[PDB]
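Quick one: the structure is below, and I'll ask about it shortly.
We just call them A, B, C, D, E and F in the order they show up, numbering each chain from 1.
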Amino acid sequence: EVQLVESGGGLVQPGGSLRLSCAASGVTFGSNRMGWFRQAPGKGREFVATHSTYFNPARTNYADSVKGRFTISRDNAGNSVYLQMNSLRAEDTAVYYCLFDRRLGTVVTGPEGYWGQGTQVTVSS
Amino acid sequence: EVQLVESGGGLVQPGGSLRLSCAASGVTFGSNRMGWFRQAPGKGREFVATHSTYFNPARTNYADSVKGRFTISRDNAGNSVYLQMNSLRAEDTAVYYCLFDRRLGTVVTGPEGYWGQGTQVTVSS
Amino acid sequence: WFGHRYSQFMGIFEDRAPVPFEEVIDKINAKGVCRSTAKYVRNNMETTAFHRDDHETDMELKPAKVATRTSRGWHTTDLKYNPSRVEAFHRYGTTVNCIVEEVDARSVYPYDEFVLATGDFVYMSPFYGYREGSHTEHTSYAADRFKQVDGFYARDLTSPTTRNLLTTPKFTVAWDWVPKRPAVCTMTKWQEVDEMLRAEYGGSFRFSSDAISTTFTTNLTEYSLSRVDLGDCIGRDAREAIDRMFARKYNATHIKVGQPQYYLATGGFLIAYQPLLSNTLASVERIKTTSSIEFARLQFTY
Amino acid sequence: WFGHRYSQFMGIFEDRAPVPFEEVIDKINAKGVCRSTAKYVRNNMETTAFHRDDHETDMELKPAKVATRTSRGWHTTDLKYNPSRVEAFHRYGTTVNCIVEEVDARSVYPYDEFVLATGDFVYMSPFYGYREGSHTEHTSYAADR
Amino acid sequence: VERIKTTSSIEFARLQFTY
Amino acid sequence: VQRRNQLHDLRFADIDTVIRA
């Protein structure tokens, strides 16, 4: 049973930076995957990034579009995941969702996972 | 159950040579004793030689009369025993029987062993 | 390791090495002695150990110290040999103790393996051999590990036996080969009933014994003993008990009628029944048996 | 130890090392292979053993020799490696055999632990997990295990 | 001096009582 | 348990091969 609290989104001009945070509370004490998905207007919720503590060192995965611009990390002691986005192009306008999940891989999720309420990110010139 | 097929006997002159062969088929795997006995006219079936794979190197036993003149050996794959008789004499005229059994001695033998049909060996001028 | 004023075991490697067939025959059974050396295959390597790290000698087997409720045992050495003290050195010492132990061995159906009292498993049929189809019994081992000697005379550490000697990686186990069929049986004799009354009713036979208060229920059709796997005890035990009970209670007043008949009663009970007559009137399978006879006793009482 | 005419085992250290989660996921379940090395924590020490004292390689898992009334097993090596002969020296040899065994597991009430067919106890509930309150099931082990 | 051996089954005596 | 455990070398090992050098 996991609660997820996002923060740090909003309005951005292209080329700017934005750091979203997601704090996880509850049953989070084992190895897990925490990541970010996004839903664009009139588009499905697609994989953005994941950070997995199933492996040591932790394994980070990114979507093709966001590689080199987006960086996913975690705080010390875990339970909080950060997405630092640099060089936000216009394609990045979406509602980003924080995921806490006991899985591996990138794109496949399930009903057993925990999604956040969603943080809006708009990139307009 | 073991089938024994003998070969190589016949008539020979004093001082000649003769090689008897005995091929064993059936349940012959494992350590066993293969040898030659002989039965003279009106005389009992007495021990001649044995070759035992119960020991490695294999142990060969001979009767007192045939020692130094008779040599017992086996096939490369086992399952066949050869008696090279050299320097034959009148005492060697007998029906020689091939024995395959599971015994350890030389002369005792038993009803559970397997005998050949018997090959005639005659030494005369 | 020999420190100053103390010695400490850095390690103690312990192993069980089988006694080869050749030693069992030529040394132990022939003279009651073992070699002080152990040459054997361990971890895919031929390893040789010398008792006290000394030259190979013949050592007498002597009775082990008696323990209550244990079988007979013999051994050659009583002390562990440790290397003599040299200060500030690691030193090694070898002890070889030849042990011979009489043990009980137990095998359950289908008798493709057996156990020894020491807890060791032998993954071979007790009835494995070369004769009478015993070569088709189960063996897990290579041919060179098994030996069978006919005309074997045991020497205590009159009559010969057929001696099975199997060399496992840890020990050599020897026993007497016997044919399987006369030895084992999937059924065992439970009750001898000198007065069993048979009644026919409703297409069923009821066999009632007043002595044990029991009514068995069978079908009218006989049970052929050929359907029993390894059931050779049934006929022989049935015939001796039947004749013994006859030659004791009816040898004067009754005559046997026919030969013994076999029936399968509910509860999985095999009944061997000899009918009598008063003079005044005149895919083989295993039968499963219930643990409770109480149903048949309730039947009798009711 | 290599004597002049004989070889003798001075000692044979035998150990069972767990296969780490990452190797189970990335090698065994992904490719049916095992690492030839065993890196594990024993006696409060991280110990590393190399098969045949050689470099790390991926070794294919193959079916184990069949035995009656026995479940399925797989392994990588069936020979023990021993050091080559050098006279008058103690030498060491390492064998690493990666073994996978399907086993039956049994648990009695109150199901706070279970056993394996090998006789090994596992001091954790079979129903331990993170979901539907199964995190309150018994565990004797640390979270990282 | 010896040890008394006891049957695991009391149902013979219960059949006796009922009968 | 004993019957399973004492089959370990027969399943996963080789008890007959002798390697020289």
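Rule of thumb we're sticking to: a residue touches a chain if its C-beta (ideal position, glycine included) is under 8 Å from a C-beta of that chain, and two chains touch if they have at least 3 such contacts.
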| item | value |
| --- | --- |
| Required minimum of steps from chain E to chain F, each step between chains that touch | 2 |
| Chain centre separation in whole Å, for chain C relative to chain A (CA means) | 69 |
| For chain C paired with chain D, centre-to-centre distance based on mean C-alpha positions, whole Å | 35 |
| Rounded Å distance between chain A and chain B, as computed from the means of their C-alpha atoms | 89 |
| Between chain E and chain A, distance of the C-alpha-averaged centres to the nearest whole Å | 76 |
| Numbers and ranges of chain E residues touching at least 2 other chains | none |
| Set of chain B residues in contact with two or more other chains | none |
| Interchain contacts, given as pairs of chains that touch | A-D, B-C, C-D, C-E, C-F, D-F |
| Interfacial residue positions of chain C with respect to chain F in the complex | 41, 44-46, 113, 115, 119-121, 123, 140, 142, 144-145, 169 |
| Residues of chain F touching chain C in the complex | 2-3, 6-7, 9-10, 14-19 |
| In the complex, chain A residues that touch chain D | 1, 27, 29-31, 54-55, 102, 104, 112 |
| Residue ranges of chain C in contact with chain E within the complex | 213, 294, 297-298, 301 |
| Chain C to chain D touching residues, read off their complex | 11, 13, 15, 39, 42-49, 92, 94, 112, 138, 140 |
